[PDB]
$ cat coords_17.cif   # mmCIF, C-alpha atoms
data_run
loop_
_atom_site.label_atom_id
_atom_site.label_comp_id
_atom_site.auth_asym_id
_atom_site.auth_seq_id
_atom_site.Cartn_x
_atom_site.Cartn_y
_atom_site.Cartn_z
CA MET A 1 -10.48 11.47 12.36
CA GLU A 2 -11.89 8.32 10.77
CA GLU A 3 -13.15 10.54 7.94
CA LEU A 4 -9.54 11.60 7.28
CA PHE A 5 -8.07 8.10 7.52
CA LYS A 6 -10.58 7.00 4.87
CA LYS A 7 -9.74 10.15 2.89
CA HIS A 8 -5.95 10.16 2.58
CA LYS A 9 -5.39 6.43 3.33
CA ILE A 10 -1.69 6.90 4.24
CA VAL A 11 0.08 7.95 7.45
CA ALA A 12 3.74 8.97 7.72
CA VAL A 13 5.37 7.33 10.75
CA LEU A 14 8.13 9.93 11.17
CA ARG A 15 11.27 9.04 13.12
CA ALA A 16 14.27 11.35 13.39
CA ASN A 17 17.22 12.29 15.60
CA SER A 18 16.56 16.03 16.02
CA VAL A 19 13.85 18.67 15.82
CA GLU A 20 15.52 20.13 12.72
CA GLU A 21 15.50 16.70 11.08
CA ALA A 22 11.88 15.86 11.93
CA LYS A 23 10.61 19.25 10.74
CA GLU A 24 12.39 18.99 7.38
CA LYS A 25 11.08 15.47 6.75
CA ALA A 26 7.52 16.45 7.71
CA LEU A 27 7.56 19.35 5.24
CA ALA A 28 8.79 17.08 2.43
CA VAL A 29 6.16 14.47 3.31
CA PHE A 30 3.38 17.07 3.14
CA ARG A 31 4.70 18.53 -0.12
CA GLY A 32 4.62 14.99 -1.52
CA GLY A 33 0.87 14.73 -0.90
CA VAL A 34 0.69 12.82 2.41
CA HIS A 35 -1.50 14.83 4.80
CA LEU A 36 -1.52 12.46 7.80
CA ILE A 37 1.84 12.87 9.58
CA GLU A 38 2.61 10.90 12.75
CA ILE A 39 5.44 12.46 14.75
CA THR A 40 6.96 9.67 16.84
CA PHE A 41 8.06 10.37 20.40
CA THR A 42 11.43 8.71 19.79
CA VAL A 43 12.33 12.08 18.24
CA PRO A 44 13.99 14.28 20.90
CA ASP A 45 11.46 16.94 21.92
CA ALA A 46 8.68 15.49 19.77
CA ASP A 47 6.21 17.88 21.41
CA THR A 48 8.32 20.79 20.17
CA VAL A 49 8.20 19.33 16.65
CA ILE A 50 4.40 19.04 16.71
CA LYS A 51 3.93 22.59 18.01
CA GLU A 52 6.41 24.10 15.54
CA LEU A 53 4.42 22.47 12.71
CA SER A 54 1.21 24.29 13.70
CA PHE A 55 1.44 26.35 10.50
CA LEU A 56 0.97 23.22 8.36
CA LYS A 57 -2.51 22.76 9.85
CA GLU A 58 -3.50 25.95 8.02
CA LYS A 59 -2.39 24.35 4.75
CA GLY A 60 -4.49 21.28 5.57
CA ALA A 61 -2.11 18.92 7.37
CA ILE A 62 -2.93 16.61 10.28
CA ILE A 63 -0.07 16.50 12.79
CA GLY A 64 -0.21 13.74 15.40
CA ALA A 65 1.92 11.93 17.96
CA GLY A 66 3.32 8.44 17.58
CA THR A 67 5.04 5.91 19.83
CA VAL A 68 3.28 7.24 22.92
CA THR A 69 4.30 4.87 25.73
CA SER A 70 3.39 6.79 28.91
CA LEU A 71 0.66 9.07 30.21
CA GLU A 72 3.19 11.82 30.90
CA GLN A 73 4.12 11.62 27.21
CA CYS A 74 0.45 11.94 26.25
CA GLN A 75 -0.04 15.37 27.84
CA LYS A 76 3.02 16.86 26.15
CA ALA A 77 1.55 15.56 22.89
CA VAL A 78 -1.98 16.90 23.44
CA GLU A 79 -0.75 20.18 24.95
CA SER A 80 1.60 20.69 21.99
CA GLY A 81 -1.31 20.43 19.55
CA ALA A 82 -1.44 16.81 18.44
CA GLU A 83 -4.65 15.93 16.60
CA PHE A 84 -4.38 12.15 17.05
CA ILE A 85 -2.42 9.93 19.45
CA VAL A 86 -0.79 6.69 18.28
CA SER A 87 0.95 3.97 20.30
CA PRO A 88 2.46 0.60 19.32
CA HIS A 89 0.73 -1.03 22.32
CA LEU A 90 -2.65 -1.03 24.06
CA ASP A 91 -2.65 1.15 27.17
CA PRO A 92 -5.87 1.49 29.20
CA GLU A 93 -4.88 4.70 30.99
CA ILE A 94 -3.93 6.43 27.73
CA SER A 95 -7.17 5.32 26.06
CA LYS A 96 -9.25 6.84 28.86
CA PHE A 97 -6.89 9.84 28.92
CA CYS A 98 -7.54 10.76 25.28
CA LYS A 99 -11.19 9.80 25.84
CA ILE A 100 -11.86 12.67 28.22
CA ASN A 101 -9.49 15.20 26.62
CA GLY A 102 -11.33 14.73 23.34
CA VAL A 103 -8.45 13.39 21.21
CA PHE A 104 -8.61 10.36 18.94
CA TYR A 105 -6.47 7.44 20.10
CA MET A 106 -5.21 4.44 18.11
CA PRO A 107 -3.70 1.68 20.27
CA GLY A 108 -1.32 -1.00 19.05
CA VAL A 109 -2.84 -4.47 18.74
CA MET A 110 -1.45 -7.81 17.57
CA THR A 111 -3.70 -10.46 19.22
CA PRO A 112 -7.47 -11.04 19.01
CA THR A 113 -7.55 -10.79 22.81
CA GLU A 114 -5.90 -7.36 22.74
CA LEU A 115 -8.37 -6.25 20.07
CA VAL A 116 -11.24 -7.29 22.35
CA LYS A 117 -9.63 -5.38 25.22
CA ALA A 118 -9.47 -2.31 22.98
CA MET A 119 -13.05 -2.79 21.74
CA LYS A 120 -14.25 -2.81 25.35
CA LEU A 121 -12.59 0.61 25.70
CA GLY A 122 -14.58 1.88 22.70
CA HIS A 123 -11.92 1.63 19.98
CA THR A 124 -13.18 0.48 16.58
CA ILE A 125 -10.00 1.60 14.75
CA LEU A 126 -6.81 -0.21 15.75
CA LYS A 127 -3.14 -0.03 14.82
CA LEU A 128 -1.94 -3.45 13.67
CA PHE A 129 1.68 -3.42 14.85
CA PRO A 130 3.77 -5.09 13.61
CA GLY A 131 1.97 -5.93 10.36
CA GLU A 132 5.34 -7.35 9.28
CA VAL A 133 4.48 -10.49 11.28
CA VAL A 134 0.71 -11.00 11.37
CA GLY A 135 0.23 -10.22 7.67
CA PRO A 136 -2.92 -9.31 5.74
CA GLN A 137 -4.47 -12.71 6.51
CA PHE A 138 -4.80 -11.44 10.09
CA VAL A 139 -7.06 -8.62 8.88
CA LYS A 140 -9.12 -11.09 6.85
CA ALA A 141 -9.50 -13.47 9.80
CA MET A 142 -10.89 -10.62 11.93
CA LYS A 143 -13.53 -9.50 9.41
CA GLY A 144 -15.64 -12.51 10.39
CA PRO A 145 -16.02 -12.30 14.17
CA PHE A 146 -15.25 -8.55 14.31
CA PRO A 147 -16.88 -6.97 11.24
CA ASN A 148 -17.11 -3.50 12.85
CA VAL A 149 -13.32 -3.30 13.27
CA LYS A 150 -10.99 -1.31 11.02
CA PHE A 151 -7.21 -1.64 10.94
CA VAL A 152 -4.22 0.58 10.18
CA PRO A 153 -1.11 -1.61 9.70
CA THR A 154 2.35 -0.26 10.47
CA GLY A 155 5.76 -1.82 9.96
CA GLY A 156 6.30 -4.10 6.99
CA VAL A 157 4.27 -1.97 4.55
CA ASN A 158 5.99 -1.07 1.27
CA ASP A 159 4.94 -0.35 -2.31
CA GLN A 160 5.15 -4.09 -3.04
CA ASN A 161 2.51 -5.27 -0.54
CA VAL A 162 0.42 -2.11 -0.15
CA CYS A 163 -2.15 -3.63 -2.51
CA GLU A 164 -2.04 -6.79 -0.38
CA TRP A 165 -3.08 -4.79 2.69
CA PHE A 166 -5.91 -2.85 1.03
CA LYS A 167 -7.17 -6.07 -0.56
CA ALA A 168 -7.64 -7.50 2.94
CA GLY A 169 -9.77 -4.46 3.80
CA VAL A 170 -7.57 -2.15 5.85
CA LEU A 171 -8.65 1.43 6.50
CA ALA A 172 -5.27 3.14 6.02
CA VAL A 173 -1.58 2.21 6.15
CA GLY A 174 1.37 3.64 8.08
CA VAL A 175 4.75 3.83 6.35
CA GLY A 176 8.05 4.44 8.12
CA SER A 177 11.51 4.21 6.57
CA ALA A 178 10.09 3.30 3.14
CA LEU A 179 8.79 6.91 2.90
CA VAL A 180 10.64 9.05 5.44
CA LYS A 181 14.24 7.82 4.96
CA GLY A 182 16.16 10.10 2.60
CA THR A 183 16.82 13.68 1.55
CA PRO A 184 13.98 16.23 1.35
CA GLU A 185 13.91 15.60 -2.41
CA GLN A 186 13.94 11.82 -1.97
CA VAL A 187 11.29 12.03 0.77
CA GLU A 188 9.00 14.22 -1.35
CA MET A 189 9.48 11.90 -4.33
CA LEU A 190 8.85 8.81 -2.18
CA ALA A 191 5.60 10.34 -0.91
CA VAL A 192 4.35 11.07 -4.44
CA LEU A 193 5.17 7.53 -5.57
CA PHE A 194 3.36 6.02 -2.58
CA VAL A 195 0.35 8.30 -3.10
CA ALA A 196 0.13 7.23 -6.75
CA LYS A 197 0.69 3.59 -5.78
CA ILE A 198 -2.16 3.62 -3.25
CA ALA A 199 -4.32 5.49 -5.76
CA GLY A 200 -3.77 2.46 -8.01
CA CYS A 201 -4.58 0.01 -5.22
CA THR A 202 -7.91 1.66 -4.28
CA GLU A 203 -9.46 1.94 -7.73
CA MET B 1 -11.81 34.79 -33.66
CA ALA B 2 -9.27 33.41 -31.19
CA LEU B 3 -10.44 29.85 -31.84
CA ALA B 4 -10.41 30.64 -35.58
CA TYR B 5 -6.67 31.31 -35.57
CA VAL B 6 -6.22 28.25 -33.33
CA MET B 7 -8.11 26.18 -35.90
CA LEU B 8 -5.92 27.81 -38.57
CA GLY B 9 -2.80 26.85 -36.63
CA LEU B 10 -4.14 23.32 -36.29
CA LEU B 11 -4.77 22.87 -40.02
CA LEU B 12 -1.32 24.30 -40.73
CA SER B 13 0.09 21.64 -38.40
CA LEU B 14 -1.84 18.87 -40.17
CA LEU B 15 0.07 19.86 -43.33
CA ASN B 16 3.37 20.05 -41.38
CA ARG B 17 3.75 23.82 -41.93
CA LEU B 18 4.82 24.10 -38.32
CA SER B 19 6.51 27.52 -38.34
CA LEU B 20 3.45 29.06 -39.99
CA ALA B 21 1.26 27.20 -37.49
CA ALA B 22 3.20 28.72 -34.58
CA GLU B 23 2.60 32.16 -36.09
CA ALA B 24 -1.12 31.39 -36.15
CA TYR B 25 -1.11 30.27 -32.51
CA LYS B 26 0.79 33.47 -31.72
CA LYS B 27 -1.95 35.56 -33.36
CA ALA B 28 -4.62 33.68 -31.41
CA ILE B 29 -2.70 34.42 -28.20
CA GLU B 30 -2.55 38.09 -29.20
CA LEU B 31 -6.35 37.94 -29.49
CA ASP B 32 -7.07 36.08 -26.22
CA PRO B 33 -4.06 36.05 -23.85
CA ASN B 34 -5.88 33.49 -21.66
CA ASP B 35 -6.46 30.90 -24.42
CA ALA B 36 -4.87 27.96 -22.63
CA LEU B 37 -5.47 25.77 -25.68
CA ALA B 38 -3.47 28.13 -27.90
CA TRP B 39 -0.59 28.20 -25.40
CA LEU B 40 -0.46 24.40 -25.12
CA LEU B 41 -0.64 23.92 -28.90
CA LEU B 42 2.07 26.55 -29.41
CA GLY B 43 4.38 24.74 -27.00
CA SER B 44 3.81 21.48 -28.88
CA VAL B 45 4.65 23.11 -32.21
CA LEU B 46 7.73 24.85 -30.80
CA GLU B 47 8.83 21.53 -29.29
CA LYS B 48 8.54 19.94 -32.74
CA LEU B 49 10.45 22.90 -34.20
CA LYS B 50 13.07 22.40 -31.43
CA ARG B 51 12.56 25.90 -30.05
CA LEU B 52 12.91 24.21 -26.70
CA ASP B 53 13.17 26.96 -24.07
CA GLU B 54 10.55 28.90 -26.04
CA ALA B 55 8.28 25.85 -25.85
CA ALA B 56 8.80 25.40 -22.11
CA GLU B 57 7.84 29.06 -21.69
CA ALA B 58 4.60 28.40 -23.58
CA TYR B 59 3.93 25.24 -21.56
CA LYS B 60 4.41 27.19 -18.33
CA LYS B 61 2.01 29.89 -19.56
CA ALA B 62 -0.66 27.29 -20.34
CA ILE B 63 -0.18 25.51 -17.00
CA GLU B 64 -0.69 28.85 -15.23
CA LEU B 65 -4.14 28.94 -16.87
CA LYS B 66 -4.90 25.20 -16.52
CA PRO B 67 -3.26 24.21 -13.20
CA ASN B 68 -4.47 20.60 -13.41
CA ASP B 69 -3.60 19.38 -16.92
CA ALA B 70 -1.61 16.16 -16.58
CA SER B 71 -0.59 16.06 -20.25
CA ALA B 72 0.62 19.67 -20.04
CA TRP B 73 2.86 18.94 -17.05
CA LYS B 74 4.01 15.79 -18.87
CA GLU B 75 4.92 17.59 -22.10
CA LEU B 76 6.74 20.20 -20.00
CA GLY B 77 8.76 17.32 -18.57
CA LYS B 78 9.62 16.22 -22.10
CA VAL B 79 11.02 19.65 -22.97
CA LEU B 80 12.88 20.04 -19.67
CA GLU B 81 14.48 16.61 -20.17
CA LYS B 82 15.53 17.56 -23.70
CA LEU B 83 16.88 20.82 -22.26
CA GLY B 84 18.91 18.92 -19.65
CA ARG B 85 17.06 20.27 -16.58
CA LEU B 86 16.60 16.85 -15.01
CA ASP B 87 15.58 18.29 -11.63
CA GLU B 88 12.91 20.49 -13.21
CA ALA B 89 11.71 17.61 -15.41
CA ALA B 90 11.44 15.26 -12.43
CA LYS B 91 9.35 17.81 -10.52
CA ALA B 92 7.15 18.36 -13.58
CA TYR B 93 6.65 14.63 -14.15
CA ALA B 94 5.83 14.31 -10.44
CA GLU B 95 3.12 16.97 -10.74
CA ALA B 96 1.69 15.12 -13.75
CA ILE B 97 1.58 11.87 -11.77
CA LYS B 98 0.01 13.64 -8.78
CA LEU B 99 -2.70 14.82 -11.19
CA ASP B 100 -3.13 11.51 -13.07
CA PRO B 101 -1.67 8.48 -11.24
CA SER B 102 -2.65 6.36 -14.28
CA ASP B 103 -0.24 8.07 -16.70
CA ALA B 104 2.11 5.24 -17.67
CA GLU B 105 4.14 7.53 -19.94
CA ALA B 106 4.77 10.05 -17.15
CA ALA B 107 5.83 7.26 -14.78
CA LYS B 108 8.25 5.68 -17.25
CA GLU B 109 9.71 9.05 -18.26
CA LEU B 110 10.13 9.96 -14.59
CA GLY B 111 12.07 6.73 -14.12
CA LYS B 112 14.31 7.65 -17.04
CA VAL B 113 14.94 11.14 -15.66
CA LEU B 114 15.54 9.87 -12.12
CA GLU B 115 17.89 7.16 -13.39
CA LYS B 116 19.85 9.78 -15.34
CA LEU B 117 19.90 11.96 -12.21
CA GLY B 118 21.28 9.06 -10.14
CA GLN B 119 18.24 8.20 -8.00
CA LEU B 120 18.30 4.47 -8.69
CA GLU B 121 15.93 3.86 -5.76
CA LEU B 122 13.30 6.34 -6.96
CA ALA B 123 13.69 5.34 -10.62
CA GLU B 124 13.07 1.66 -9.87
CA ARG B 125 9.91 2.63 -7.99
CA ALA B 126 8.76 4.69 -10.99
CA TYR B 127 9.59 1.86 -13.40
CA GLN B 128 7.58 -0.65 -11.35
CA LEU B 129 4.75 1.89 -11.36
CA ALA B 130 4.83 2.08 -15.17
CA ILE B 131 4.91 -1.72 -15.46
CA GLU B 132 1.82 -2.04 -13.27
CA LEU B 133 -0.03 0.58 -15.33
CA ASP B 134 0.91 -0.61 -18.82
CA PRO B 135 0.65 -4.43 -18.95
CA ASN B 136 2.72 -4.54 -22.16
#
$ encode --input "coords_17.cif" --output "structure tokens"
Amino acid sequence: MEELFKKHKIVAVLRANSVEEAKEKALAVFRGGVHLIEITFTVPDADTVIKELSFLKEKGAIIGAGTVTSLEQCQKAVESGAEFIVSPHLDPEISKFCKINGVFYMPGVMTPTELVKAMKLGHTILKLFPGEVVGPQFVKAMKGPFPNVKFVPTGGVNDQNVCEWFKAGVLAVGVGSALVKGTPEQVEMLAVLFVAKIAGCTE
Amino acid sequence: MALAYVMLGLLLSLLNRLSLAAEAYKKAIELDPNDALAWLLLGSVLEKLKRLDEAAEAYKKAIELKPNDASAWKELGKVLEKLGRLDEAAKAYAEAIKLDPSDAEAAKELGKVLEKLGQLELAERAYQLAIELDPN
């Protein structure tokens, strides 16, 4: 999974109000070039969305689960066919749960203490949520004492500061409303513009 | 022989005999139907001759042979914009940017097409992309 984060460098944090809405936005995101799609569990029946997108994995898409708050949520994600589990917080039961099932897990971290707690669970890749607050200087301050740690910021990442994040040395970035909000045409166009923008940041 | 008529159509275009150059590119296409260079050059001559929908047909034929030519998708976006098909031009300019994210002309022209289409949000993103590429 780390090989794909380093490959595509962008993740689509997908929020919606219905299964029909989340499926349409995921198709437009993939047609725009973004292969890493994170289906949040705030979507009603998010497990149904992930399973009904199993055909996109044949095209080359990576469908995962986001905003996973409980263990009971984690099974419905893994059993539906999620290829990576994402949460805005650090949960020790979920980390060990995906550990034994064989699914990659990315916990949400904001404090150096919480990063150490997640490192003791084996996680070298962390979700920096909310990056809107800690900023890229947080990633730079952690490269010293924790050089083996890679980050994926989420929240507060737009086309203005996406070069700021990759300059600090982040692995990938997660985009929410700045990519997913809009019509299928606007979502596909927003994905192409973000793919070209990141291609200009990592040059 | 196919490249000979292409080279003939080129020289005829150096001397601005465009209609005769298009006839030479046509003969080279009759020789080798899969000469993607002859199709692209024919579409450029027809665009100059303002045979617009005929040029977009030639650009589409060349793109079918060269799926990943950023300048071909870009020149197709020029013809589709001149034809009024703003939605088709925006999709063509998007394919050219997906192929070459460093094309400042394709990013600026996409911003012009999106602004004419009404997408002020997407056009401003494309304009900022063209400003970052071209420092002028």
$ residues_around --input "coords_17.cif" --residues "residue 22 (chain A)" --least-positions-apart "4" --cutoff "9 Å" --atoms "all atoms listed in the file" --output "PyMOL selection string"
chain A and resi 14-18+26-27+39+43+46+49
$ closest_residue --input "coords_17.cif" --among "A:164, A:159, A:52, A:93" --to "residue 195 (chain A)" --atoms "all atoms listed in the file"
A:159
$ closest_atom_pairs --input "coords_17.cif" --of "chain B" --to "chain A" --cutoff "8 Å" --atoms "only C-alpha atoms" --output "CSV"
residue,atom,partner,partner_atom,distance
B:94,CA,A:192,CA,7.0
B:97,CA,A:196,CA,7.0
B:98,CA,A:192,CA,6.7
B:101,CA,A:196,CA,5.0
B:102,CA,A:200,CA,7.5
B:122,CA,A:190,CA,7.0
B:125,CA,A:193,CA,7.2
B:126,CA,A:193,CA,7.1
B:129,CA,A:197,CA,7.1
$ write_last_selection --input "coords_17.cif" --atoms "C-alpha atoms" --output "compact mmCIF listing (two decimals), keeping the file's coordinate frame"
# COMPACT_ATOMS: atom_id res chain seq x y z
CA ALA B 94 5.83 14.31 -10.44
CA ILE B 97 1.58 11.87 -11.77
CA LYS B 98 0.01 13.64 -8.78
CA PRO B 101 -1.67 8.48 -11.24
CA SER B 102 -2.65 6.36 -14.28
CA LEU B 122 13.30 6.34 -6.96
CA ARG B 125 9.91 2.63 -7.99
CA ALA B 126 8.76 4.69 -10.99
CA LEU B 129 4.75 1.89 -11.36
$ resolve_selection --input "coords_17.cif" --expression "the PyMOL selection byres ((chain B and resi 4-18) around 8)" --output "mmCIF file with C-alpha atoms, in the frame of the given file"
data_model
loop_
_atom_site.group_PDB
_atom_site.id
_atom_site.type_symbol
_atom_site.label_atom_id
_atom_site.label_comp_id
_atom_site.auth_asym_id
_atom_site.auth_seq_id
_atom_site.Cartn_x
_atom_site.Cartn_y
_atom_site.Cartn_z
ATOM 1 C CA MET B 1 -11.810 34.790 -33.660
ATOM 2 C CA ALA B 2 -9.270 33.410 -31.190
ATOM 3 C CA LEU B 3 -10.440 29.850 -31.840
ATOM 4 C CA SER B 19 6.510 27.520 -38.340
ATOM 5 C CA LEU B 20 3.450 29.060 -39.990
ATOM 6 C CA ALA B 21 1.260 27.200 -37.490
ATOM 7 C CA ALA B 22 3.200 28.720 -34.580
ATOM 8 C CA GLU B 23 2.600 32.160 -36.090
ATOM 9 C CA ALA B 24 -1.120 31.390 -36.150
ATOM 10 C CA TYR B 25 -1.110 30.270 -32.510
ATOM 11 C CA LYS B 27 -1.950 35.560 -33.360
ATOM 12 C CA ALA B 28 -4.620 33.680 -31.410
ATOM 13 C CA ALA B 38 -3.470 28.130 -27.900
ATOM 14 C CA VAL B 45 4.650 23.110 -32.210
ATOM 15 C CA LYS B 48 8.540 19.940 -32.740
ATOM 16 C CA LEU B 49 10.450 22.900 -34.200
#
$ closest_residue --input "coords_17.cif" --among "A:144, A:174, A:64, A:92" --to "residue 131 (chain A)" --atoms "all atoms listed in the file"
A:174
$ residues_around --input "coords_17.cif" --residues "residue 96 (chain A)" --least-positions-apart "4" --cutoff "10 Å" --atoms "only C-alpha atoms" --output "PDB file with C-alpha atoms, in the frame of the given file"
ATOM      1  CA  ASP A  91      -2.650   1.150  27.170  1.00  0.00           C
ATOM      2  CA  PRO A  92      -5.870   1.490  29.200  1.00  0.00           C
ATOM      3  CA  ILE A 100     -11.860  12.670  28.220  1.00  0.00           C
ATOM      4  CA  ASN A 101      -9.490  15.200  26.620  1.00  0.00           C
ATOM      5  CA  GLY A 102     -11.330  14.730  23.340  1.00  0.00           C
ATOM      6  CA  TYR A 105      -6.470   7.440  20.100  1.00  0.00           C
ATOM      7  CA  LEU A 121     -12.590   0.610  25.700  1.00  0.00           C
ATOM      8  CA  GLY A 122     -14.580   1.880  22.700  1.00  0.00           C
TER       9      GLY A 122
END
$ resolve_selection --input "coords_17.cif" --expression "the PyMOL selection byres ((chain B and resi 114-120) around 12)" --output "PyMOL selection string"
(chain A and resi 182-183+185-187+189-190) or (chain B and resi 77+81+84-91+93-94+106-113+121-127)
$ atom_distance --input "coords_17.cif" --atom1 "CA of residue 179 (chain A)" --atom2 "CA of residue 85 (chain A)"
20.2 Å
$ residues_around --input "coords_17.cif" --residues "residue 134 (chain A)" --least-positions-apart "3" --cutoff "10 Å" --atoms "all atoms listed in the file" --output "NGL selection string"
:A and (110-111 or 128-131 or 137-139 or 153 or 156)
$ residues_near_point --input "coords_17.cif" --point "(5.4, 21.0, -18.7)" --cutoff "9 Å" --atoms "all atoms listed in the file" --output "ChimeraX atom specification"
/B:56-60,62-63,70-80,89,92-93,96
$ axis_aligned_box --input "coords_17.cif" --around "region 12-17 of chain B" --padding-each-side "3 Å" --output "AutoDock Vina command-line options"
--center_x 1.0 --center_y 21.6 --center_z -40.9 --size_x 11.6 --size_y 11.4 --size_z 10.9
$ resolve_selection --input "coords_17.cif" --expression "the PyMOL selection byres ((chain A and resi 103) around 12)" --output "number ranges by chain"
A: 1, 64-65, 74-75, 77-79, 81-86, 94-102, 104-106
$ atom_distance --input "coords_17.cif" --atom1 "CA of residue 71 (chain A)" --atom2 "CA of residue 146 (chain A)"
28.6 Å
$ closest_residue --input "coords_17.cif" --among "B:130, B:31, B:36, B:52" --to "residue 105 (chain B)" --atoms "all atoms listed in the file"
B:130
$ residues_around --input "coords_17.cif" --residues "residue 168 (chain A)" --least-positions-apart "6" --cutoff "12 Å" --atoms "all atoms listed in the file" --output "MDAnalysis selection string"
chainID A and resid 135:143 150:153 161:162 201:202
$ atom_distance --input "coords_17.cif" --atom1 "CA of residue 61 (chain A)" --atom2 "CA of residue 99 (chain B)"
19.0 Å
$ residues_around --input "coords_17.cif" --residues "residue 5 (chain A)" --least-positions-apart "2" --cutoff "10 Å" --atoms "only C-alpha atoms" --output "list in words"
residues 1, 2, 3, 7, 8, 9, 10, 11, 35, 36, 125, 152, 171, 172 and 173 of chain A
$ write_last_selection --input "coords_17.cif" --atoms "C-alpha atoms" --output "mmCIF file, in the frame of the given file"
data_model
loop_
_atom_site.group_PDB
_atom_site.id
_atom_site.type_symbol
_atom_site.label_atom_id
_atom_site.label_comp_id
_atom_site.auth_asym_id
_atom_site.auth_seq_id
_atom_site.Cartn_x
_atom_site.Cartn_y
_atom_site.Cartn_z
ATOM 1 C CA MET A 1 -10.480 11.470 12.360
ATOM 2 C CA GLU A 2 -11.890 8.320 10.770
ATOM 3 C CA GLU A 3 -13.150 10.540 7.940
ATOM 4 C CA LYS A 7 -9.740 10.150 2.890
ATOM 5 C CA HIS A 8 -5.950 10.160 2.580
ATOM 6 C CA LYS A 9 -5.390 6.430 3.330
ATOM 7 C CA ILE A 10 -1.690 6.900 4.240
ATOM 8 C CA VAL A 11 0.080 7.950 7.450
ATOM 9 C CA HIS A 35 -1.500 14.830 4.800
ATOM 10 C CA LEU A 36 -1.520 12.460 7.800
ATOM 11 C CA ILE A 125 -10.000 1.600 14.750
ATOM 12 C CA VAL A 152 -4.220 0.580 10.180
ATOM 13 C CA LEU A 171 -8.650 1.430 6.500
ATOM 14 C CA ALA A 172 -5.270 3.140 6.020
ATOM 15 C CA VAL A 173 -1.580 2.210 6.150
#
$ decode --input "coords_17.cif" --residues "region 111-124 of chain B" --atoms "N, CA and C atoms" --output "PDB file, in the first residue's frame"
ATOM      1  N   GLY B 111      -8.485  27.342 -19.356  1.00  0.00           N
ATOM      2  CA  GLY B 111      -9.096  28.386 -18.555  1.00  0.00           C
ATOM      3  C   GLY B 111      -9.983  29.310 -19.360  1.00  0.00           C
ATOM      4  N   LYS B 112      -9.612  29.576 -20.615  1.00  0.00           N
ATOM      5  CA  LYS B 112     -10.459  30.395 -21.475  1.00  0.00           C
ATOM      6  C   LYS B 112     -11.740  29.660 -21.847  1.00  0.00           C
ATOM      7  N   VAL B 113     -11.637  28.363 -22.142  1.00  0.00           N
ATOM      8  CA  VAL B 113     -12.817  27.586 -22.507  1.00  0.00           C
ATOM      9  C   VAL B 113     -13.732  27.405 -21.302  1.00  0.00           C
ATOM     10  N   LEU B 114     -13.154  27.120 -20.132  1.00  0.00           N
ATOM     11  CA  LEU B 114     -13.966  26.934 -18.933  1.00  0.00           C
ATOM     12  C   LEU B 114     -14.622  28.239 -18.500  1.00  0.00           C
ATOM     13  N   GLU B 115     -13.924  29.365 -18.670  1.00  0.00           N
ATOM     14  CA  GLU B 115     -14.520  30.657 -18.344  1.00  0.00           C
ATOM     15  C   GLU B 115     -15.672  30.983 -19.286  1.00  0.00           C
ATOM     16  N   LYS B 116     -15.523  30.656 -20.572  1.00  0.00           N
ATOM     17  CA  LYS B 116     -16.617  30.852 -21.515  1.00  0.00           C
ATOM     18  C   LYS B 116     -17.770  29.898 -21.236  1.00  0.00           C
ATOM     19  N   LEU B 117     -17.475  28.715 -20.695  1.00  0.00           N
ATOM     20  CA  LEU B 117     -18.518  27.757 -20.351  1.00  0.00           C
ATOM     21  C   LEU B 117     -19.235  28.112 -19.056  1.00  0.00           C
ATOM     22  N   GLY B 118     -18.633  28.951 -18.214  1.00  0.00           N
ATOM     23  CA  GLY B 118     -19.230  29.389 -16.971  1.00  0.00           C
ATOM     24  C   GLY B 118     -18.516  28.908 -15.727  1.00  0.00           C
ATOM     25  N   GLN B 119     -17.665  27.888 -15.843  1.00  0.00           N
ATOM     26  CA  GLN B 119     -16.953  27.329 -14.693  1.00  0.00           C
ATOM     27  C   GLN B 119     -15.864  28.306 -14.258  1.00  0.00           C
ATOM     28  N   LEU B 120     -16.275  29.315 -13.485  1.00  0.00           N
ATOM     29  CA  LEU B 120     -15.316  30.292 -12.977  1.00  0.00           C
ATOM     30  C   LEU B 120     -14.370  29.672 -11.957  1.00  0.00           C
ATOM     31  N   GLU B 121     -14.842  28.682 -11.197  1.00  0.00           N
ATOM     32  CA  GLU B 121     -13.976  27.999 -10.241  1.00  0.00           C
ATOM     33  C   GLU B 121     -12.884  27.214 -10.957  1.00  0.00           C
ATOM     34  N   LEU B 122     -13.268  26.408 -11.950  1.00  0.00           N
ATOM     35  CA  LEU B 122     -12.296  25.581 -12.654  1.00  0.00           C
ATOM     36  C   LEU B 122     -11.383  26.414 -13.544  1.00  0.00           C
ATOM     37  N   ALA B 123     -11.897  27.507 -14.113  1.00  0.00           N
ATOM     38  CA  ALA B 123     -11.065  28.351 -14.964  1.00  0.00           C
ATOM     39  C   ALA B 123      -9.979  29.052 -14.157  1.00  0.00           C
ATOM     40  N   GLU B 124     -10.322  29.542 -12.963  1.00  0.00           N
ATOM     41  CA  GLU B 124      -9.327  30.194 -12.118  1.00  0.00           C
ATOM     42  C   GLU B 124      -8.237  29.222 -11.690  1.00  0.00           C
TER      43      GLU B 124
END
